[PDB]
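> Below you will find the structure I want to go over with you.
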Amino acid sequence: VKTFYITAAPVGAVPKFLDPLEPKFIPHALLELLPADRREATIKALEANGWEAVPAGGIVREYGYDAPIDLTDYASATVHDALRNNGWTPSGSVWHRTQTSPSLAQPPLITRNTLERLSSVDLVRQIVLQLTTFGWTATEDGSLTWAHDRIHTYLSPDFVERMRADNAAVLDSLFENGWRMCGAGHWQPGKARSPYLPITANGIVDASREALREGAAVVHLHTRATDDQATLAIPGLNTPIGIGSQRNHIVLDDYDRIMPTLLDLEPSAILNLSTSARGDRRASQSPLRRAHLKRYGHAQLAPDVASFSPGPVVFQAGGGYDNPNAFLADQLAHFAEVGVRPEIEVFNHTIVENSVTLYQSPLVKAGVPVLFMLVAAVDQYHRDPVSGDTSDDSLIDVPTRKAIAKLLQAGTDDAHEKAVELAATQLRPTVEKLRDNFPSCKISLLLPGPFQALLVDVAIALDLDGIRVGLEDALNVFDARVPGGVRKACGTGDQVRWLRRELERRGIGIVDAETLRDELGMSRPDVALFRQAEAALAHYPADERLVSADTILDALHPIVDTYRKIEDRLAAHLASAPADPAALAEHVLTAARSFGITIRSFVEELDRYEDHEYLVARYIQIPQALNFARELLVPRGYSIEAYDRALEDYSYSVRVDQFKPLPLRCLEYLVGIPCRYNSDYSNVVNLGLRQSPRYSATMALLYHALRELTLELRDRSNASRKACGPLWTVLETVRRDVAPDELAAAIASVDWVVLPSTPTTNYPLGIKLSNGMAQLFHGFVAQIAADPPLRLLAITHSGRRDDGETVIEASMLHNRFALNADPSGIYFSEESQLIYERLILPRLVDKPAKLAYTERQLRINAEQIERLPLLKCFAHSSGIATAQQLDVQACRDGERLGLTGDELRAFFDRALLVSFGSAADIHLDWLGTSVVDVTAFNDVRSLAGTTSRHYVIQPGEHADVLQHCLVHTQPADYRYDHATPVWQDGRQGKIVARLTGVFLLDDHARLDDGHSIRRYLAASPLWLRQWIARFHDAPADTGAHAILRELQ
Ligand SMILES: [Mg+2]
């Protein structure tokens, strides 16, 4: 019931990146070896970058960082002895290290048992924090280890003493494992630094992606300047020291890279850009503070949120920036023209007071709900303009912060509650003040460093809307597996994961980006466009008998115009001269995807091709994109001379009068908005649209118009004429196939019936596909036969209807969605009837009946109802829809023939269904066949055709497996064993086995091509095959009995 939305802040202004592969200690001798001038410059540069001079007594673990020292490039008795004592031997002017430490053949490991030997828990933490700052990692065991082929880890004398004092053992093991004593020199403690802080564009993109997949809905961004970036060369070290301010600064070139990438890879992610001038107060009124707030990418989208502080920001720790009123007014004016909603960064009480009075009206006008960010536990100053005196303006007063910090150190549960109460009591007046002056507002909380232990409890107490985490606020993360309980955070995603699991523990859920965009009124344009169509068709029934395509097209007129403008922009971009080989397709497809237009691979796309009979179709993707480009440029008058390079391929050119008209292209676009892929097939977006009340009806109507327009285009082509009525084919043991015409004996002789999918209609290509699917299913079950005379029956749909209308893909898709929108089991197609009456109807009669020339038709025996043989059916794609339409017709005849409701249940218990990639909803509360349902998350076509939430993967266990398999090589080995069956019982006894967490890898270990029946069967787990094995090798038995046994 209670939910938070998580903001991730991966960069920030203050913390700095520290390279794990840089030396962390410089002996005195190495510096003293320099000339006085260069030595002074080097040392002061080091000390400005965190390096601290340190006496002898520290220990080091180094390997691989030596370099020869030629004194000609720059001895002394004080130097010469130090070098020799530190293991250097001279050879004229050249020094080199002959002393060498143990290699890293076997990773350095400080065991959990070794650390736990130490008495002081505070000492353990500082050790764990120091090593993890240096790039050491924590094992699952709870130990510390080093993975790289070089190492240079140092600990100060202070560490060594306390280690020796606490336990003069523990220090033992380091010495026994290659660590050794050092002299005086300089040391990099890495204070306010981390090896995981992203300061480059690519690093920031990656950190954002990690945060989002862990559950973050909003990403707070900063960028860092590199104008003062330099490297120090140290004598005797083969790796230079990186120096620079890494100053908080708005870098336009970085955002020019970051934003389009995120828009492509993370389309729904709410992007929040910092306008902060922290680190450069003299630029407080600079237009640079809004220069990054513009439209990015081909989609021309702006950031959704930008930082806004109605008052001065003055940190007690130093730094800060001013926010003059005219400047802020220019900001708000600019935000409005670009579509940016401000987020009020509430640093101090003056901000609050300015917000609820003078800025109250301008902020409401800036868009509702008003967004607030509570920067709590960060010491702030107010400065008197007259005297210059400072006072505490912090949300939590400094005495209270210092108090709270002490209770956190106590570590006891009682000190925690007192800490929470202190924090909440101080923040409550501010929270209440904001709610009282802003009827529509969202308030989030952030806490710096140690106080993050209060983050969840305080946020709950104040009933806040959002919680923020990230490296910007804290560099550590709590981990109970680690001695001390705390370690360096391996990124913001690490902390988001911690926060998410913490909320899960308390039964508190989180809000994803898509849902939040609705709550804040920030829905994406394509989502808005689809809902605009949903609204325009809201009063039309999903029944094809009650509405015409012309009427549907007429209602979508303003939306077609909206799409036309998008297509114009894609056309212009394509007409901007490129490439010569068949890589034009790669160019076109990338351009199309970026503009939101998804070029789909239709099986029946060859219907538009003149010379289809002489086409190979294995290279049918390349000309799809080519003709698509031609299809867009020709009507507008653009040259297609670059294209028609399909001549250099093996016509594939599509005739001009086979070009799709504008409204048809619009319809194709609209039905492609739900369940989109991101740019590189890493994820599925726009999953929310499925949950709309009018979703299925809208899709049914869209495909209705799409069917009409496509058929008209097919009637003017030399596409293969289709045949009336279904085909029946038996496969026994490569399988041999026969073609029954009027035999009920085939049904009795066969183990498995294979229902038709969408493309398997009665015509040359359709039969070929129908055969291939049948062969795949028979090779699948036959393989199961040889593990711990196989006969199959395959059904092909009718290619023509009663009125002579051709059956195409859109016809089946409409039927699919129309079935979804049917509340009572009353809807069924003509194609379903032909299959039903010849396959299912005889199971309800007493004897052979009369069948017409169209193969359509013209009692009970309750004792023999249990005697009916178990009908085992395979289903794929739209197969589950066709199946449920058979159940509907059975009820219609069964009720007409007369049977108890329980009798019909017994009738349906004599049948079984296994569906791979269910592209239609399973009506759980209907009378019908029990189903085992296996549908993949990346099966976008099945997803778009369904409304069940079980198919959607959210951050968790299944999401973990998915991301592991995204980086894993050898995709052919992949099986979805991790899949979890969910079990449901309907009102009328229908049983559904829903597998969750299922997904299918492609050849590039991505998520494309997730509808192939091959991958569904290929990646099938061993435990699943056992179920089918039990199904196959079963006596005269019931479904409910057989399936219920599988629940143990
Ligand atoms: Mg910030």
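If you use the numbering used here, the sequence shown corresponds to residues 6 to 1053, in order.
Note that CB positions come from ideal geometry on N, CA and C, so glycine has one too.
(1) Candidates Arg-726, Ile-1018, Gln-629, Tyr-568: which alpha carbon is nearest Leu-675's?
(2) Which whole runs of the alpha helix (DSSP H) in the segment 594 to 654 are 4 residues long or more, in chain order?
(3) Between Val-786, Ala-964, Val-972, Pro-976, which lies nearest to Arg-1035 when the distance is taken from Cα to Cα?
(4) If you follow the beta strand (DSSP E) that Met-378 is part of, which residue opens it and which one closes it?
(5) Near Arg-252, which residues of its chain fall below 6 Å by C-beta distance, leaving aside the five closest residues on each side in sequence?
(6) Which residues mark the beginning and the end of the beta strand (DSSP E) in which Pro-95 is found?
(7) Quick check for students: name the residue ranges of the alpha helix (DSSP H) that lie wholly in the segment 527 to 592, counting only runs of 4 or more.
(8) Mind pulling the alpha helix (DSSP H) runs of 4 or more residues that sit fully within the segment 121 to 172?
(9) Going by C-alpha to C-alpha distance, which of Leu-669, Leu-306, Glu-507 sits closest to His-562?
(10) Does DSSP put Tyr-708 in a helix, a strand or coil?
(11) Taking C-alpha atoms, which residue in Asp-1007, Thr-1043, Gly-961, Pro-40 lies nearest to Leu-504?
(12) Measuring from the CB of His-225, is there a heavy atom of ligand 1 at a distance below 7 Å?
(13) What beta strand (DSSP E) runs, 3 residues minimum, are completely inside the segment 897 to 943?
(14) Once you ignore the five residues that flank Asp-327 on each side, which residues in its own chain have a CB closer than 6 Å to its CB?
(15) Using 8 Å as the cut-off, can you tell me whether the segment 462 to 470 makes contact with the segment 171 to 184, which would need three or more C-beta pairs spanning the two stretches below that distance?
(16) Less than 6 Å between C-beta atoms, sequence neighbours within five positions excluded: which residues of the same chain meet that for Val-966?
(17) Please determine, among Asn-172, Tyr-648, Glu-868, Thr-905, the residue with the shortest C-alpha to C-alpha distance to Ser-581.
(18) Just to confirm before moving on: does the CB-CB distance between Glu-900 and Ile-870 stay below 8 Å?
(19) Since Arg-102 sits in a beta bridge, which residues does DSSP pair it with?
(20) Indicate the three-state DSSP secondary structure (helix, strand or coil) for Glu-348 in the structure shown.
(21) The alpha helix (DSSP H) that contains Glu-181, what's its start and end?
(22) Measure the alpha-carbon distance for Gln-135 versus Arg-522 and round it to whole angstroms.
(23) With distances taken Cα to Cα, identify the nearest neighbour of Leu-439 among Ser-392, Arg-1019, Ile-401, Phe-377.
(24) Beta carbon of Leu-88, beta carbon of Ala-34: below 8 Å?
(25) Buried or exposed, going by whether 16 or more other CB atoms sit within 10 Å of the CB of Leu-631?
(26) Does at least one heavy atom of ligand 1 sit under 7 Å from the Cβ of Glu-477?
(27) Indicate whether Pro-764 and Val-608 have their beta-carbon atoms separated by less than 8 Å.
(28) Mapping DSSP to helix, strand and coil, what is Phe-1036?
(29) To which residues of the same chain is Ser-722 closer than 7 Å at the C-beta, ignoring the five residues directly before and after it?
(30) Suppose you measure from the CA of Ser-81 to the CA of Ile-64; what does that come to, to the nearest Å?
(31) What are the residues that DSSP puts in a beta bridge with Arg-681?
(32) I'd like to confirm something about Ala-14: is its beta-carbon nearer than 7 Å to some heavy atom of ligand 1, or not?
(33) With a threshold of 8 Å, are at least 3 pairs of Cβ atoms found where one atom belongs to the segment 716 to 735 and the other to the segment 975 to 990?
(34) Kindly indicate the opening and closing residues of the alpha helix (DSSP H) around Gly-190.
(35) Please list the terminal residues of the continuous beta strand (DSSP E) segment that includes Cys-878.
(36) For a quick check, are the C-beta atoms of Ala-518 and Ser-273 less than 8 Å apart?
So, from the listed chains and residues:
(1) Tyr-568
(2) 626 to 638
(3) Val-786
(4) 375 to 380
(5) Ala-230, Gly-284
(6) 93 to 96
(7) 530 to 541, 554 to 560, 562 to 579
(8) 126 to 138, 162 to 172
(9) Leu-669
(10) helix
(11) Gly-961
(12) yes
(13) 916 to 923, 935 to 939
(14) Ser-289, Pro-317
(15) no
(16) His-983
(17) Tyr-648
(18) no
(19) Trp-93
(20) strand
(21) 176 to 181
(22) 40 Å
(23) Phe-377
(24) yes
(25) buried
(26) yes
(27) yes
(28) helix
(29) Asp-612, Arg-613, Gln-663
(30) 25 Å
(31) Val-690
(32) yes
(33) no
(34) Looking at the DSSP string, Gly-190 is not in any alpha helix (DSSP H); the run it does join, the beta strand (DSSP E), is 190 to 192.
(35) 876 to 882
(36) yes
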